[PDB]
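1. curious how this folds, go ahead:
(4 chains, ligands or ions: 4)
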Amino acid sequence: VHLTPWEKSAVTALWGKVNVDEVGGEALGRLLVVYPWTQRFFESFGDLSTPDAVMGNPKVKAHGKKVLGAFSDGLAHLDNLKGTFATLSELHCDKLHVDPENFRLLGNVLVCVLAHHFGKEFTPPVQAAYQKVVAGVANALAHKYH
Amino acid sequence: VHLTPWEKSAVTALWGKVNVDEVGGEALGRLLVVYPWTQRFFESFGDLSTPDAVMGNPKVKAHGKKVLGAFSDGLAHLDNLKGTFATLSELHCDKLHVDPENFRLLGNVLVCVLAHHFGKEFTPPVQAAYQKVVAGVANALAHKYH
Amino acid sequence: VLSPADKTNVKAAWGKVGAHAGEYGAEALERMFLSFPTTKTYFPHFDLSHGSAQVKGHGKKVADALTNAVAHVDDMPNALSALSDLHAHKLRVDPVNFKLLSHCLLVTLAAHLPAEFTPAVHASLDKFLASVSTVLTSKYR
Amino acid sequence: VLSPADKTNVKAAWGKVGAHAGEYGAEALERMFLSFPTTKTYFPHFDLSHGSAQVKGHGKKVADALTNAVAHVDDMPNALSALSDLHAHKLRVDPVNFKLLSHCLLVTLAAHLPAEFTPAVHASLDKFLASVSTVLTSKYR
Ligand code: HEM
Ligand code: HEM
Ligand code: HEM
Ligand code: HEM
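-> Numbers count the residues shown, from 1 in each chain, chains lettered A, B, ... in the order given. Ligands and ions are numbered 1, 2, ... in the order given. Structure data below:
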């Protein structure tokens, strides 16, 4: 959504240190662990029995890098998240049939993962900036639902 | 809000048959009975200890008329509820300190009241139309919170 | 916690729904599908048109579970045991959706029970639906 | 329902917090006020600036009450009885804000427990804060 000029820079800065592939697998992995019902969409992924299994699942990691790579690209379009994610929105609603609530939940996990990996650097203002980002991305992906 | 042409008609048509004063008191009263915590804002109103006390309270009935009156007035501006409730939004935040969730709770109640008052005339498609309206009014009223 | 008054209110109003429980369940589903499109993501295998055989079928199932819950308001977790199992381990319907259907079941009841839907009964019914939802979501995590 | 491992995980993580709990409470509050401004509607009597005496003090209170809950994890309803009474009868904070503060407590812990905050502990801590939220709001109606 509307971040301030400084918030947009805080986001941009922090993200320059983010290994998208790793944070992607980590974030999606924790989503399946903390909110196990999200696993409903990934039966084909194989072993998702324990946290160590989910986190170590190669399909989970690979899907996580895909999901976060798309999220990453969208950061270059902060002022038009609705437009940049429109196609993905239709796909998640029409083909994938994914409840938008899942996007909000992954957003919660992503923030926890950033806080975790960055520590003190992920300050309250930096968090506020990313809250606007994950909320905007979730609203943008949910927008074309019908 | 983003209603379709027919939805805009259904809203106006139904609303014309609405007695704002009667429905405003009913809706505000039911808000206080159904979600008792909302009473936090109306200490000056006096007796609000029981459902009958609340529903028969003159101040609740008066405030209901005022609130739904502003809601009614807003229905003539579905094209820009933001600008319409901008001042009110700033007032509920800075002066009254009202949590925007209260606006959504009032919306749920109103829909129930419209359902109760109109019976089957409040068809599923009419409700969907009113859902976007109460959602949009709540959103417009929340827009100026900071 | 459903007080004795809540249980009395609930049983009276549900008692009034009676033979229409099936028709009401199907109507609440439709109200939900229309007002909150996201909920349809759980029914891609369903024909969701008005008067659908699947909607009617599922609406009757939903209503019957509610009838059972009401007849056992004093021990719902036990009465809805296989049901909380089904939603937690198979369906996996995100918890936020339960409030949407509760809202629409309330709306449906309001539209059908002119005399019965008093503010108090309205309050008791809201609590009851939230209880059923709490139970149905109890084994997710 | 918090499992045995959940309670083991919670106690272990919160123990690590240790003497920093109050400081973390204030940080959690600051993160919540900034990321979710609507929660500030409940503190119009507070100086909400970074480092304010009021937020510092309230952060300690919230942390201690969480330490109290951790100490009585098998019976939180009774242990937090006076607090659930307070929130339901006086403060009357709408139930939705509890999830907001829980999110920021969880984020504050992640920010301070590089080694401790594993996926499993993440899950248990989230469940824990949700339950504490549930009891503090259990007497709302
Ligand atoms: C930040 C939000 C998300 C982004 C940007 C994102 C991105 C994507 C992308 C780029 C694809 C591949 C689609 C294609 O181009 O062919 C995908 C697939 C998919 N996404 Fe999302 N996604 C998000 C969150 C989620 C969440 C939270 C869920 C559900 C827990 C989800 C479930 C799926 C599923 C089921 C697939 C299909 C995987 C398969 O091939 O089996 N996504 N997503
Ligand atoms: C559709 C929703 C609402 C609208 C459009 C609305 C409208 C109004 C208006 C017109 C005023 C008077 C402003 C003035 O001229 O000074 C007002 C005041 C007030 N509203 Fe709202 N309101 C809404 C919902 C609510 C809700 C749900 C709450 C909280 C439960 C709330 C709490 C108040 C309070 C406490 C006052 C102060 C005046 C008094 O009652 O003494 N309002 N509102
Ligand atoms: C709040 C009250 C709810 C009740 C009492 C309830 C009850 C039921 C019942 C009785 C069944 C049929 C089980 C059987 O045939 O063995 C069922 C299935 C199902 N429910 Fe729930 N449910 C509730 C909420 C939800 C919600 C909120 C959704 C999603 C918006 C949902 C989605 C489903 C789905 C996906 C099925 C299976 C549909 C099919 O394939 O036929 N349920 N539910
Ligand atoms: C994990 C959840 C929470 C815990 C453990 C908690 C704990 C407490 C405690 C220990 C007190 C002090 C009681 C006393 O002085 O006797 C209190 C006060 C307060 N809490 Fe809660 N609370 C929680 C959530 C919330 C939420 C979500 C809000 C709203 C955003 C809230 C708003 C307040 C307010 C307004 C006060 C009074 C502050 C003052 O004037 O000093 N609390 N809470």
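
2. and residue C:44, how many neighbours?
-> 12 (other C-beta atoms under 10 Å in any protein chain shown). All C-beta atoms are positioned from the backbone trio N, CA, C, and that covers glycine.

3. same check, this time on residue C:114
-> Residue C:114 has 10 nearby residues by other C-beta under 10 Å.

4. so how far is chain B from it?
-> Plainly put, residue C:114 is 7 Å away from chain B if you go by C-beta to the nearest C-beta, to the nearest Å.

5. wait, isn't that residue in contact with residue B:120?
-> No - Residue C:114 sits out of contact with residue B:120 when judged by C-beta atoms under 8 Å, with a separation of 10.6 Å.

6. list the helices and strands the helix or strand harbouring residue C:83 packs on?
-> If you go by DSSP states H and E, residue C:83 is part of helix C:81-86. Counting contacts by 3 or more C-beta pairs under 8 Å, 6 or more residues apart in numbering or on different chains; DSSP states H and E, helix C:81-86 is packed against helix C:119-137.

7. burial check on the residue of chain C found nearest ligand 4, number of neighbours?
-> Residue nearest to ligand 4 within chain C: residue C:141 (17.6 Å; C-beta to the nearest ligand atom). The number of residues packed near residue C:141 is 19, by other C-beta under 10 Å.

8. same question, residue A:7
-> By the criterion of other C-beta under 10 Å, residue A:7 has 19 neighbours.

9. my read is that it contacts residue A:136, right?
-> No - look at residue A:7 against residue A:136 with C-beta under 8 Å: they stay out of range, at 11.6 Å.

10. next up, the contacts around the nearest residue to residue C:131 once chain neighbours are set aside.
-> Leaving aside its sequence neighbours, residue C:131 sits nearest to residue C:2 (C-beta to C-beta, 6 or more residues apart in numbering or on different chains; 6.0 Å). Contacts here follow C-beta atoms under 8 Å, 6 or more residues apart in numbering or on different chains; on that basis residue C:2 touches C:10, C:73, C:124, C:127, C:128, C:131.

11. could I get these as TSV with neighbour count?
-> What follows is those, written out as TSV (neighbours: other C-beta atoms under 10 Å in any protein chain shown):
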residue	neighbour count
C:10	22
C:73	18
C:124	24
C:127	19
C:128	26
C:131	20
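
12. wait, which of these is closest to ligand 2?
-> Distance to ligand 2 across the contacts of residue C:2 (C-beta to the nearest ligand atom) is lowest for residue C:127, with 19.2 Å.

13. distance of the closest one relative to residue B:2?
-> Separation of residue C:127 from residue B:2 (C-beta to C-beta, to the nearest Å): 33 Å.

14. and chain C, which residues reach ligand 3?
-> C:39, C:42-43, C:58, C:61-62, C:65-66, C:86-87, C:91, C:93, C:97-98, C:101-102, C:132-133, C:136 (C-beta under 6 Å from any ligand atom).

15. how about 5 Å then?
-> C:39, C:42, C:61, C:62, C:65, C:91, C:93, C:97, C:98, C:101 (C-beta under 5 Å from any ligand atom).

16. quick one, what contacts the residue nearest to the second one when sequence neighbours are not counted?
-> It stands for residue C:42. Leaving aside its sequence neighbours, residue C:42 sits nearest to residue C:93 (C-beta to C-beta, 6+ apart; 5.6 Å). Counting by C-beta under 8 Å, 6+ apart, residue C:93 touches A:37, C:42, C:87.

17. residue B:124 is in contact with residue C:27, correct?
-> Yes - here residue C:27 reaches residue B:124: they are 7.1 Å apart, a contact under C-beta under 8 Å.

18. of those two, which one has the most company?
-> A direct count of neighbours by other C-beta under 10 Å for residue C:27 and residue B:124 places residue C:27 higher, at 26 against 21.

19. for the more buried one, grab phi and psi.
-> Backbone torsions for residue C:27, taken as degrees, to the nearest 10, come to phi -70, psi -40.

20. tell me which residues touch it, please.
-> Applying C-beta under 8 Å, 6+ apart, the residues contacting residue C:27 are B:124, C:59, C:108.

21. format those as TSV; extra columns: distance to residue B:58.
-> Output for the contacts of residue C:27, formatted as TSV (distance: C-beta to C-beta, whole Å):
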residue	distance to residue B:58
B:124	36
C:59	42
C:108	32
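
22. which among those residues gets closest to ligand 3?
-> Using C-beta to the nearest ligand atom, residue C:59 comes nearest to ligand 3 of these, at 9.9 Å.

23. quick one: what helix or strand has that closest one in it?
-> helix C:53-71.

24. pull that helix out as PDB, backbone CA atoms only.
-> Taking Å, rounded to 0.1, in the frame of the first residue of the first chain, the C-alpha atoms of helix C:53-71 are listed here in PDB:
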ATOM      1  CA  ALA C  53     -28.600 -30.100  -6.000                       C
ATOM      2  CA  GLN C  54     -25.200 -30.000  -4.300                       C
ATOM      3  CA  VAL C  55     -26.000 -26.800  -2.400                       C
ATOM      4  CA  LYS C  56     -29.400 -28.300  -1.200                       C
ATOM      5  CA  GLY C  57     -27.600 -31.500  -0.300                       C
ATOM      6  CA  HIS C  58     -24.800 -29.800   1.700                       C
ATOM      7  CA  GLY C  59     -27.300 -27.300   3.200                       C
ATOM      8  CA  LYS C  60     -29.300 -30.200   4.600                       C
ATOM      9  CA  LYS C  61     -26.100 -31.700   6.100                       C
ATOM     10  CA  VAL C  62     -25.000 -28.400   7.700                       C
ATOM     11  CA  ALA C  63     -28.500 -27.900   9.100                       C
ATOM     12  CA  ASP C  64     -28.600 -31.500  10.500                       C
ATOM     13  CA  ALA C  65     -25.300 -31.000  12.300                       C
ATOM     14  CA  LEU C  66     -26.700 -27.800  13.800                       C
ATOM     15  CA  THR C  67     -29.900 -29.700  14.900                       C
ATOM     16  CA  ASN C  68     -27.600 -32.300  16.600                       C
ATOM     17  CA  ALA C  69     -25.500 -29.500  18.300                       C
ATOM     18  CA  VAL C  70     -28.700 -27.900  19.700                       C
ATOM     19  CA  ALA C  71     -30.000 -31.200  20.900                       C
END
